[PDB]
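Before any comments, here is the structure.
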Amino acid sequence: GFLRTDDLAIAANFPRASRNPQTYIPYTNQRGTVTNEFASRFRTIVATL
Amino acid sequence: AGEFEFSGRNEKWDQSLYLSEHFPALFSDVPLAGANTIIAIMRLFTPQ
């Protein structure tokens with residue numbers, strides 16, 4: 001995944017318990033690709049398994 | 001001048017590119033270093 005800052009909450013001034021509000025989105029948006037870079041990670045796991 | 005200017009992009013073909021100057025790259029019949037096994041299978045599609 002990646003680490004997205006909460007830009008929509010801070011501009012809306014929502015309560016957060018941190019200094020930098022950063023949630024962990026599990027996997028990347030993958031538009032416009034032929035091979036999916038999240039699916040090919042699972043290729044190399046089964047090829048290891 | 002006659003060279004094959006390859007693009008270098010992994011894009012799905014659609015049949016609206018048939019009228020454009022783009023070709024399918026499997027059928028260029030150009031030998032590639034390291035990937036000779038793919039080209040040797042594409043020699044089997046030649047008309048007889």
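Note that we place each Cβ from the backbone using ideal geometry, even for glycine, and neighbour counts take in every protein chain shown. Coordinate-derived values only; no laboratory data.
What distance in nm separates the simple spin-label points at B:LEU17 and A:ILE45, each placed 7 Å from Cα in the Cβ direction?
Once both label points are built, they end up 3.1 nm from each other.
Could you list the square roots of 5 times each eigenvalue of the Cα gyration tensor of chain A, that is, the equivalent ellipsoid semi-axes, sorted largest first and rounded to whole Å?
Semi-axes (√(5λ), whole Å): 33, 14, 5.
Hey, rough spin-label estimate for A:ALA17 and A:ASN36, points 7 angstrom out along Cα→Cβ, what's it come to in nanometres?
In this crude label model, A:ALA17 to A:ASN36 measures out at 3.3 nm.
How far apart, in nm, are the 7 Å Cα→Cβ label points at A:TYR24 and B:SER7?
3.8 nm
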